[PDB]
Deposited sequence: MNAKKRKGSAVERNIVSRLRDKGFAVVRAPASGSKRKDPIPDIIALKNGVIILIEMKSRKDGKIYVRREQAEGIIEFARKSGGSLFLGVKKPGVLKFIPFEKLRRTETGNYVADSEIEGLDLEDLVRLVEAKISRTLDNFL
């Protein structure tokens, strides 16, 4: 709620049209035709259950947006591109919380440079 509110406020300061989810990604941020989808996670490994993962992947696929995991850790705000997660044998999604990711400033720099995965 507080981390999520801070992310929404900081994306808005950078010129994004932002909405929170009321299957649906937690944050949807839009700028100059660029769609960013954020799923908030609290972890010391990142785990996304099959049903949640499938729904957000489907929303990402349909929207044509870029999906990221928002990994909130005390003193850390890292966005992990969904494609970096490993699909387990039963369809869950995993990655180490120390995997290379983006901080907020780099994510915004990524949107402006017109770069998506």
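Residues 1 to 8, 31 to 38, 60 to 61, 136 to 141 of the deposited sequence have no C-alpha coordinates in the model.
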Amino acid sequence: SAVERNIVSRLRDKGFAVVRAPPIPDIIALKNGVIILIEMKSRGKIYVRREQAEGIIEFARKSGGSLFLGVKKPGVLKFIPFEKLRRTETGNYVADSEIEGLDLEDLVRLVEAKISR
From here on, numbers count along this sequence of modelled residues.
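Between 25 to 33 and 44 to 52, it is 44 to 52 that carries the larger average Cα temperature factor according to the deposited entry.
Remark: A17 belongs to the lowest third of its chain, ranked by C-alpha B-factor as recorded. For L69, the recorded CA temperature factor ranks within the lowest third of the chain's modelled residues. Placement of the Cα temperature factor of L85 within the chain: middle third of the modelled residues, per the deposited record. When the modelled residues of the chain are ordered by C-alpha B-factor, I57 sits in the lowest third. Placement of the Cα temperature factor of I38 within the chain: lowest third of the modelled residues, per the deposited record.
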